[PDB]
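Asker: sequence unknown, structure follows:
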Ligand SMILES: NC(=O)[C@H]1CCCN(C(=O)[C@@H]2CCc3cccc(O)c32)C1
Ligand SMILES: [Zn+2]
């Protein structure tokens, strides 16, 4: 679990969005596994606007942060799960690192700010949904 709180927005994994997220929906994209909902309180986070390919992410299944080298946002095949049929997920970045079910929502940051959130994993891999192209989060 986890979310990004920026301005009056809450960014979560679409597959983990709550009834309240859907009742305050701003934007969602199943192909990216993202959902943004509106908040009343002002957020605590700021978003990176950069091309970093190294950073640090939070891994809840280890209660620890790990450094990672990750690929540029791209269209990647993701096998069927209880949440989605087998499909291509867009704007996904892969890296070698630990992840398991429960770790979605962990934040990836570089020196400029938040880059994205954990969205996929498997056998020593971790995938992050990029949010750096969502310029409207800042306004
Ligand atoms: N974005 C998606 O389509 C997600 C939806 C939830 C299931 N998916 C996974 O990859 C899980 C969650 C992280 C993780 C780590 C290790 C193994 C795994 O199967 C998983 C795919
Ligand atoms: Zn950066």
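Answerer: The structure has been received and is ready for your questions. Numbering: from 1, shown residues only. Ligands and ions are numbered 1, 2, ... in the order given.
Asker: And the residue of the chain closest to ligand 1?
Answerer: residue 121 (2.5 Å; Cβ to the nearest ligand atom). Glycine gets a C-beta too; all of them are placed from N, C-alpha and C.
Asker: Would you enumerate the residues in contact with that residue?
Answerer: Contacts were defined as Cβ atoms under 8 Å, 6 or more residues apart in numbering; by that measure residue 121 touches 98-101, 103, 127.
Asker: Of those residues, which is the most crowded?
Answerer: Using other Cβ atoms under 10 Å as the neighbour criterion, residue 99 leads the contacts of residue 121 with 26 neighbours.
Asker: Need the nearest residue in space to the residue lying farthest from the centre of the chain, chain neighbours excluded.
Answerer: For the chain, the largest distance from the centre (Cα atoms, centre = their mean) belongs to residue 40, which lies 21.6 Å off. Once flanking residues are discounted, residue 40 sits nearest to residue 8: 7.5 Å by Cβ to Cβ, 6 or more residues apart in numbering.
Asker: cool, and residue 21?
Answerer: Nearest one to residue 21, counting by Cβ to Cβ, 6+ apart, is residue 37 at 4.1 Å.
Asker: and this protein, which of its residues are near ligand 1?
Answerer: Contacts of the chain with ligand 1, taken as Cβ under 6 Å from any ligand atom, map to 15, 33, 78, 81, 83-84, 89, 99-101, 103-104, 119-122.
Asker: still on that earlier bit, from the contacts of residue 121, which is closest to ligand 2?
Answerer: Within the contacts of residue 121, the smallest distance to ligand 2 is 18.2 Å, found for residue 127 (Cβ to the ion).
Asker: circling back to that earlier point, how much space between the residue farthest from the centre of the chain and residue 54?
Answerer: 35 Å (Cβ to Cβ, to the nearest Å).
Asker: residues from this protein in reach of ligand 2?
Answerer: 48, 50, 52, 110, 112 (Cβ under 5 Å from the ion).
Asker: and these, which are buried?
Answerer: 48, 110 (16 or more other Cβ atoms under 10 Å).
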